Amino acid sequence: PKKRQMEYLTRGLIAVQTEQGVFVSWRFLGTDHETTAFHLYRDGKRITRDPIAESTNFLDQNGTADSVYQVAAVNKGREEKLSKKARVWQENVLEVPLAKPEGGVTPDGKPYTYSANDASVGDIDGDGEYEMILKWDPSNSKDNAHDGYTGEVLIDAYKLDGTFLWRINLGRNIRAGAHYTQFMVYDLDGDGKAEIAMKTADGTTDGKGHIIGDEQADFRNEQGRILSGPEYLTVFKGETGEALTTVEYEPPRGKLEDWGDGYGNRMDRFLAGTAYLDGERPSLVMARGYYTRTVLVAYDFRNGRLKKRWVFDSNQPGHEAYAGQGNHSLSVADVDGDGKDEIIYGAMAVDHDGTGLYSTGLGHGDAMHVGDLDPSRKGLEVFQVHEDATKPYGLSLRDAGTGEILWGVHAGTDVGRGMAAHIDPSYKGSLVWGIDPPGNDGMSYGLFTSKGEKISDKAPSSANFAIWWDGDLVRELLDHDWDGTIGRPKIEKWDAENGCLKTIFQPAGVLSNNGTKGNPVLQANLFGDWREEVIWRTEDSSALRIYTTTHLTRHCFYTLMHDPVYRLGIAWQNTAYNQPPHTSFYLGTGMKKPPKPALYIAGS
């Protein structure tokens, strides 16, 4: 296999106080050998005798609040350089204080405030530790079709120690809302440091205070929309937030009505992804449209410049059937076995070279999941739900590479949420299900194996994120309890024996994001072992709280950020209606040994 550019990562050693001792976990790196084992040191002294070789975690019954840990890789009996010293966290929470921006007033005299919203991660300085890239959302942010002015969108960078690095202000000409700004954080050129790409406009102010274009320009109409004036695409330096290059946004508006309405409702439907279109280095993919005209534009970033790679446009001859298929998210994976990434754009797919891969014709939906959902069947599968009541299926399971529909279930109505996850150890692969979102009819559309066997008419009442949280191979479920105004985050576990969800984590003082959608700020394997961390905002957005597991595992996996599908999932997590990340391999009961990551480290 081709070796993919990936991020340098430190051991990511953490230590957390529990009632039974100090829980320690660290990364198994893509550069480690399958036979690599580990020694642990507490207060300078080795506390392991036999190197730890079956996991990258440890419960130290002799650890105290004052203990300091280091880990060393061991290969062929030879021990390597010890990690940085890790101190013991008092709780399984790392709190990152925020510089909460002050609210304001829109032109119509209506006040707004800010809350901490979607995030992404990138290593902006190349030291092997992630920084947080955080989007602030004003309290007046808008669904496209709802009129009204919005507060300016702000994007911040923070170090995990709470250091505020910079703020980008997108300015008055970028409307706030789920479907507008899609911020892509990645080391696009391979120097070892992440940059940030997003759509910008006249009046966007970068991290060093430099304004893009005309500072005086105001393209907001009486309804608070921006439907005129230049549109730009900017790559910002990770370290400083400074604009590196700005180009014209593609595709341009053209005649408004050609998108299907004159209000920009369909036109201003943006998505973004990072994809290894050559199977070796990342490319940037900025997308516009899914209900009607659908356009994906690929770029390569090198030596301070964006260069257009290709354009997929449903208006192109032979591509008409590709319109109306995109979801409020996209997925990225090598689905056809050529080593190169394809874009799974909801109910259709675009090949690595920008040609049409397939269109299912099943139409736009609000959730999708690409992974090895049926490990008995060669290749990846796509499970998704569908919104159009007139279409054949409310939920569909297909071959990811050919688009062949393996099975589907008719609904004759919008199926607004869906999940695919290994929640039942007695089925090798994912169960899949569809349910109504909160504040709707509370309907279930069934729980099925990925082969289409109906387990029950009543599906798990959570269909949002799935998260590896505890020690076992089953995936847990992340959602919230929505009360009509706010959501209280939770992680739940499926009880397959009696067909119910049990709450296993529900932290106080934090809120979910994006209304009924109930998103975390971010879910990602940020540090420690292969289990995933989760970030939620405090109620007042004075801080982010990053939660990490303290459940001991007997299982060992390479860090998920070194997985070619999972890492790209983190990059698109913020995109429109946030979707959860998946592994390129089947992780679950009865799994075969995963292949070691085929990679090289950017920046040597």
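All residue numbers are counted from 1 along the displayed sequence.
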Which of 165-173 and 99-107 has higher mean CA B factor, as the PDB entry lists it: 99-107
Selected stretch [higher average CA B-factor]: 218-226 or 528-536: 218-226
Of the residues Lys76, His146, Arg475, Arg281, the one carrying the largest Cα B-factor as recorded: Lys76
Identity of residue with top Cα B-factor, from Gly337, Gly238, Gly434, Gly509: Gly337
Third of the chain, ranked by Cα B-factor, where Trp572 sits: lowest
Relative C-alpha B-factor of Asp127, binned into the chain's lowest, middle or highest third: highest
Record-listed C-alpha B factor of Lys596: chain third: highest
Record-listed C-alpha B factor of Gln61: chain third: highest
Record-listed C-alpha B factor of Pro580: chain third: lowest
